[PDB]
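These notes are about the structure you will find just below.
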Amino acid sequence: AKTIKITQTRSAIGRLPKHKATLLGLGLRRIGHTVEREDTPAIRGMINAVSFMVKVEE
Amino acid sequence: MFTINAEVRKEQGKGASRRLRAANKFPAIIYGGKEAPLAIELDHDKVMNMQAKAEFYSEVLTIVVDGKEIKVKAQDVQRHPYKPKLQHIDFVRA
Amino acid sequence: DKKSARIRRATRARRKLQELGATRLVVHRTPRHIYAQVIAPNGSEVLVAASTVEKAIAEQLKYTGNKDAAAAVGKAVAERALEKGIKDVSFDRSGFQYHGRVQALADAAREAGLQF
Amino acid sequence: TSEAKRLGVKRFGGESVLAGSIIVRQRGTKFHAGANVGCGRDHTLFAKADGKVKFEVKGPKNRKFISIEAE
RNA sequence: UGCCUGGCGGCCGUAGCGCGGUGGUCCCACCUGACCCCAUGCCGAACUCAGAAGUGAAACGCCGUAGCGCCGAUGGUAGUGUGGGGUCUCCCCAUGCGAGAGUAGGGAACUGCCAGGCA
RNA sequence: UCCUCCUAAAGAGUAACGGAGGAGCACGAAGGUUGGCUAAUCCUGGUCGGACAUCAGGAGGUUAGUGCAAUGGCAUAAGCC
RNA sequence: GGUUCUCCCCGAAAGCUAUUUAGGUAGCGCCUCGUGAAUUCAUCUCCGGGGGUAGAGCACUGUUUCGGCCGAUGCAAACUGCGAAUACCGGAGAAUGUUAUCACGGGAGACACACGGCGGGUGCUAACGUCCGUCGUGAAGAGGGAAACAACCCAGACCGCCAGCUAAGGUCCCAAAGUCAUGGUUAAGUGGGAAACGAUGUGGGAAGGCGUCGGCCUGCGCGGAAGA
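Residue numbers (PDB author numbering), protein chains in the order written: chain Z, 1 to 58; chain V, 1 to 94; chain O, 2 to 117; chain W, 6, 12 to 81.
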């Protein structure tokens, strides 16, 4: 399906283990890092879970 | 008899409800019969003014949204525990 | 309260046989007629059923309900089971007492050569 | 004017519990054994054969039953 | 293949509670007596022996009564995970999940197999 | 030394001589199994009995009980001839 | 108390069960290296779960009150005819994660943690008092902001360049940036000290009164309001 760009905006220094695992799954390593991922329900769920620190090029 | 103006709902949820309350609007629901329920939005000031008359509980309400005539009756209303403001009303089509 | 008590008392064996999941032979007794049914473990199908009312076995019986009728029903059930291959079904008394017509029917069924 | 006992469900629905596994250890009888499930003296439910676990509601009283079905 | 009756399973208040009518064709029901197989913690109470000789009393199948009871929406309400803010004891903001009760609606259930009477 | 519900934020666990007592017994029958039975509670009738020393017609179906202080589930009673 | 040369990588805890024990003894929990093994494990989506916590209700166990224990209205830690979010177990699934998962062996290290956010107990529901379950920092994390300050906010420092951008915080100078605009509030330096009472101080808002006279709510100041 259509792919989207996901970019980190805020760090995960003080975030919960679940948030850290979500960031690791997204593959974002540093603030401002951008990755390309296919749009699927699981990706949408993860991005909604960590929406407070990730921007999406819808 | 009396003319009532409302807006068709587009967003559904507690977030939309809070948006309406902040913007001085409130949602309402009309049901009754095999037809599916309709959710509408109404201004708080107009409904507060209308509620003043004692004929509200005895008169059948007429709603005109997008040029459609809907006849309903006040099945139930929701009132805040201490704030004299209206937030939701359930109506049954007659 | 008679039929309810009978059903409740039969429910004991009814549930007990369920755990072992084996075909069951049940008997319904009435002065007018006697019925015998073979029920699979699932409990929704009957392998074979016989009734004293049917003329096929009531022709040689003076009355539908009696010891002779019970013996005839037992023999018919036994031979049908033998020709169908029931493989040694268990039996339930349906809350009755195993001293009269029930005992006669059981003895008649066992006479054919069953091992229940 | 002690040591707490370990209660609760150990294996839930969908677990491939094998023969001999205890499904739940409750004080009284919270659930009743159904098919291929045995009840101990101390009101403990255990499996009798390999299979998948399920919880069902049946009966006039609407009593909860624990059952095991072939996988 | 249609109506009625009995049994074997699922469903377990959309199957229940109260009221009126109908059911003896078949089936089911009251069992009279039992000194005989059987027995009463007294009682043939239940169970077992002979049916239409006596009837549908009570029980139970069906129709209506929506009176009581149940489920049941969309919607809203109370709450909460996550980040932030405030006057920080408590509340709000963007987003996700979403109470109970009640309203519209329903139903006097439905369904699979076997035996019998009327067609 | 050990149990009984909470605080203990709907898996388990999770505090301070925490809030609470009980057991350190008993039945060798109060154990096993077969048949049948299964209320409590209240109204109405009995010489007194009125509900309360016993019996039968009802309201109601697991509110009595299950050896124990307390606790959960229990009418398929896990009770009772 | 001391334990002396340098470099690279990895990288904890101050917790859980017993003690004629409370400073210790055993193991588990946490770390490192070597070998072996499954899409093993984490995240997110869907499916099957017991929930009995929040919310509600008095049908279940109790409680105050109403007409004279009967019926009802509200309430609950040893209350649920109902019932969340959230946590947890299993099955399937696109994708990422240097296998981050598990098994064995050697080596250890630690065994008075503090503070803060979230929901409570205790405490006089006075206390910057006390103990819990979870997350973050420090312990072992440099750097920027608030005056210094560790429990506050942003942000995990391989090295170097007289490069740009940005998070929190700011744009009158000290000290780098708006003496920028839009519609207002304040007359008191309130800002820059703090809650409970009252008020001919003021801007705004919904309703009164037979041209008329007054009531209610909201934002900012005042006497209580005092640190050597």
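All residues carry an ideal CB built from backbone N, CA and C; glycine is no exception.
| query | result |
| --- | --- |
| Stretch pair the segment 67-76 of chain O + the segment 94-111 of chain O: three plus CB contacts closer than 8 Å | yes |
| For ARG13 of chain O, the nearest candidate out of O:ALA57, O:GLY114, O:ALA105, O:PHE97 (CA to CA) | O:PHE97 |
| Selection from O:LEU115, O:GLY101, O:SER95 that minimises the alpha carbon distance to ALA6 of chain O | O:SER95 |
| Integer-rounded CB distance, given that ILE33 of chain W should sit under 8 Å from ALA59 of chain W | Their Cβ separation, rounded to whole angstroms, is 13 Å, which puts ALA59 of chain W and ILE33 of chain W out of contact at 8 Å. |
| For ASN48 of chain Z and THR62 of chain V, the rounded distance between their alpha carbons | 42 Å |
| As assigned by DSSP and simplified to three states, the class of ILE43 of chain Z | helix |
| Among O:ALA23, O:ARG30, O:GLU84, O:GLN19, the one whose alpha carbon lies nearest that of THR65 of chain O | O:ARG30 |
| Backbone CA spacing between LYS68 of chain W and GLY44 of chain W [nearest angstrom] | 11 Å |
| Alpha carbon of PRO32 of chain O to alpha carbon of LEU83 of chain O, nearest angstrom | 28 Å |
| Residue burial classification, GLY61 of chain W (beta-carbon count within 10 angstroms, cutoff 16) | buried |
| Span separating the alpha-carbon of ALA23 of chain O from that of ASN46 of chain W | 14 Å |
| Rounded straight-line distance, which links the Cα of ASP76 of chain V to that of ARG93 of chain V | 13 Å |
| CA-to-CA distance, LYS34 of chain V to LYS68 of chain V, given in whole angstroms | 18 Å |
| Extent of the continuous alpha helix (DSSP H) to which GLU55 of chain V belongs | Element bounds for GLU55 of chain V: n/a, residue is neither H nor E. |
| Same chain only: Cβ atoms within 7 Å of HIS44 of chain V, ignoring 5 sequence neighbours per side | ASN24, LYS25, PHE26, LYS85, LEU86 |
| Runs of alpha helix (DSSP H) wholly within the segment 3-66 of chain V (minimum 4 residues, chain order) | 14-22, 44-51 |
| Which of helix, strand or coil DSSP assigns to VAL54 of chain O | coil |
| At least 3 beta-carbon pairs within less than 8 Å: the segment 35-49 of chain Z vs the segment 1-14 of chain V | no |
| Alpha-carbon spacing of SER12 of chain W relative to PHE65 of chain W, whole angstroms | 33 Å |
| Reference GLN78 of chain V; option with closest CA among V:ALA16, V:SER58, V:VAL72, V:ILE29 | V:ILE29 |
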